[PDB]
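Novice: Give me coordinates for this.
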Amino acid sequence: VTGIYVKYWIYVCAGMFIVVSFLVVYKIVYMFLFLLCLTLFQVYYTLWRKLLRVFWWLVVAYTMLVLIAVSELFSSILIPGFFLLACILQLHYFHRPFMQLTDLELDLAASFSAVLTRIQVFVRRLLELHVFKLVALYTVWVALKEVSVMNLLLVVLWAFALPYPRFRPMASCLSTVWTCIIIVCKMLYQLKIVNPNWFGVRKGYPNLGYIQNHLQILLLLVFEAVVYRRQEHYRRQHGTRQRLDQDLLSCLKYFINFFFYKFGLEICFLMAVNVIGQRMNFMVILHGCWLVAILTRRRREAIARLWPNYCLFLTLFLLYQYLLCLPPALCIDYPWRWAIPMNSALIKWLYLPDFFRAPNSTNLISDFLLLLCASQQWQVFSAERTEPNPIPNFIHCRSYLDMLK
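Specialist: Residues are numbered from 1 along each chain as shown. The relevant structure is shown in the block below.
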């Protein structure tokens with residue numbers, strides 16, 4: 001129980017700090033700013049992971065700020081005191097144990113424990129290579145469901161991070177910082193400047209829903225960073241293409257390891273077919289035209305030559321489509337519509353930016369899925385470091401793999 005408390009205490013303290021905010025303006029704003037600064041420092045891994053003295057100083061500063069708190073809101077101070085208590089507990093003995101343990105410098109309980117250990121290793125290996133994809137997908141989804149300025153920056157950053165891998169660290173850092181900045185939306189919500197989109201504010205009714213998505217995005221980024229850090233720590237301490245025919249377990253292991261490495265072109269073409277059948281717009285027509293153009297090439301060598309261009313303007317076309325989908329507030333509008341022989345149905349069929357109607361900017365997630373598939377194909381495309389068939393007997397059907405073959 002002592003070890004469990006030493007482990008699951010920083011997360012509890014952070015959750016309490018988040019719950020303290022969201023509402024009074026000054027105190028909530030200060031607490032949110034402190035939490036965002038701590039999370040950004042952890043993402044940079046310069047203080048929470050490299051200058052732990054700064055982490056202790058931040059904990060002490062948070063405690064001092066909570067104590068500097070000293071009207072029908074008698075129960076409101078009930079929330080701060082609990083927070084203070086939590087901080088005190090975290091500073092009592094949890095800080096030193098967490099810091100010391102984080103640094104790297106039917107009696108079937110045994111079988112089940114071993115099973116959890118091996119499943120934990122498997123989950124570590126899977127998530128250390130797939131957290132980035134989920135993070136990018138969730139940011140894309142958040143951007144598309146809320147079409148507005150200050151969100152195009154994240155969409156562009158991720159649409160350029162997926163194809164070229166060298167952006168992935170910096171982009172993530174940039175994305176985190178950007179999210180922190182846009183987390184300032186609460187300050188816009190608590191303002192009194194109604195006086196009665198490029199503004200990038202919606203004035204959320206519950207003061208939490210309008211920032212909940214961005215809090216989730218920041219949490220996902222912090223989760224990816226923590227997963228990478230834990231993988232590095234747990235790896236500091238302590239393919240099967242030839243075993244393909246040993247047994248069916250080896251075959252399925254090979255598939256789990258290199259499914260995309262085997263059928264990535266197929267996955268990309270089918271994702272493109274799904275996107276074209278999903279959108280049914282003129283963007284879909286252009287996608288199909290270029291797909292036919294790419295398919296005209298015979299072997300994998302010409303497709304290899306043409307692939308980087310394909311990815312480049314795929315990224316460009318996603319950015320352009322999002323830009324078109326993103327304002328009615330702007331006086332900009334069709335002058336003839338403000339006539340023209342184009343009715344509203346055709347304007348809703350063309351991906352034209354309307355200012356009273358709105359194109360459904362959610363099939364762009366399908367196009368972004370196409371983009372991530374193409375980028376992953378390009379990544380795995382240049383990997384070239386690894387009588388001809390020794391096994392002609394699968395016609396003879398001597399093993400369980402053979403009749404499947």
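
Novice: May I ask you to name the longest helix in the protein?
Specialist: Determined from DSSP state H, the single longest helix within the chain is helix 109-145.

Novice: Just the buried residues of whichever helix or strand comes after that one, please?
Specialist: Counting by DSSP states H and E, the element after helix 109-145 in chain order, helix or strand, is helix 152-161. Using 16 or more other Cβ atoms under 10 Å as the test for burial, helix 152-161 gives 154-159, 161. C-beta here means a position set from N, CA and C on the backbone, and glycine is covered the same way.

Novice: Need the residues you listed in JSON lines (columns: distance to residue 78).
Specialist: As requested, the buried residues of helix 152-161 are exported to JSON lines (distance: Cβ to Cβ, whole Å):
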{"residue": "154", "distance to residue 78": "37"}
{"residue": "155", "distance to residue 78": "42"}
{"residue": "156", "distance to residue 78": "45"}
{"residue": "157", "distance to residue 78": "41"}
{"residue": "158", "distance to residue 78": "41"}
{"residue": "159", "distance to residue 78": "46"}
{"residue": "161", "distance to residue 78": "44"}
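
Novice: so the helix or strand containing residue 249 versus helix 109-145, what angle?
Specialist: Per DSSP H and E, residue 249 falls inside helix 248-279. Taking axes from the mean of the first three to the mean of the last three Cα atoms, to 10 degrees, one finds helix 248-279 and helix 109-145 inclined to each other by 20 degrees.

Novice: list the helices and strands helix 248-279 packs on?
Specialist: Contacts defined by 3 or more Cβ pairs under 8 Å, 6 or more residues apart in numbering; DSSP states H and E place helix 248-279 against helix 282-295, helix 364-379, helix 400-404.

Novice: Nearest approach to residue 75 belongs to which of the ones you listed?
Specialist: Each of the helices and strands packed on helix 248-279 has some distance to residue 75 by Cβ to Cβ; the shortest is helix 364-379, at 43.0 Å.

Novice: Identify the residues contacting residue 48.
Specialist: With Cβ atoms under 8 Å, 6 or more residues apart in numbering as the criterion, the residues that contact residue 48 are 38, 41-42, 54-55.

Novice: I'd say residue 224 and residue 172 touch.
Specialist: Yes. Contact between residue 224 and residue 172 holds when scored by Cβ atoms under 8 Å: they sit 7.1 Å apart.

Novice: sorry, back to before: any chance of the contacts of residue 48 in TSV, with secondary structure, distance to residue 372 and neighbour count too?
Specialist: TSV is the format used below for those (DSSP: H, G, I helix; E, B strand; the rest coil; distance: Cβ to Cβ, whole Å; neighbours: other Cβ atoms under 10 Å):
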residue	secondary structure	distance to residue 372	neighbour count
38	helix	31	19
41	helix	30	18
42	helix	27	20
54	helix	36	14
55	helix	35	20
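
Novice: Residue 30 touches residue 66, doesn't it?
Specialist: No. Counting by Cβ under 8 Å, residue 30 does not reach residue 66; the two are 10.1 Å apart.

Novice: List the buried residues for the host helix or strand of residue 186?
Specialist: With the criterion set as DSSP H and E, the secondary-structure element containing residue 186 is helix 185-189. Of the residues in helix 185-189, 185-186, 189 count as buried by neighbour count, 16+ other Cβ under 10 Å.

Novice: re earlier: intersection of neighbour lists for residue 224 and residue 172?
Specialist: Contact criterion Cβ under 8 Å, 6+ apart; residues shared by residue 224 and residue 172: 132, 135.

Novice: count of residues packed around residue 90?
Specialist: A total of 20 residues lie near residue 90 under the criterion other Cβ atoms under 10 Å.

Novice: I'd assumed residue 13 was in contact with it.
Specialist: Yes. The pair residue 90 / residue 13 is scored as a contact, 4.8 Å apart, by Cβ under 8 Å.

Novice: ok, now which ones touch residue 348?
Specialist: With contact taken as Cβ under 8 Å, 6+ apart, residue 348 is in contact with 354, 357, 359.

Novice: Narrow the residues you listed to those that are buried.
Specialist: 354, 359.

Novice: Among the contacts of residue 348, pick out the one closest to residue 293, please.
Specialist: Distance ranking of those against residue 293, using Cβ to Cβ, places residue 359 first at 25.5 Å.

Novice: The closest one: what secondary structure?
Specialist: Classification of residue 359 by DSSP: H, G, I helix; E, B strand; the rest coil places it in coil.

Novice: ok, now how distant is the residue of the chain most remote from its centre from residue 402?
Specialist: No residue in the chain sits farther from the centre than residue 396, which is 48.5 Å out by Cα atoms, centre = their mean. As for residue 396, its distance to residue 402 is 7 Å (criterion: Cβ to Cβ, to the nearest Å).

Novice: just residue 113 next, same as before
Specialist: Counting by Cβ to Cβ, the separation of residue 113 from residue 402 is 37 Å.

Novice: Contact partners for the residue lying closest to residue 194 once chain neighbours are set aside?
Specialist: The shortest distance from residue 194 to any residue that is not its chain neighbour, by Cβ to Cβ, 6 or more residues apart in numbering, is 8.0 Å, and that residue is residue 203. By Cβ under 8 Å, 6+ apart, the residues touching residue 203 are 188-189, 194, 210.

Novice: before we move on, what about residue 362?
Specialist: 144-145.
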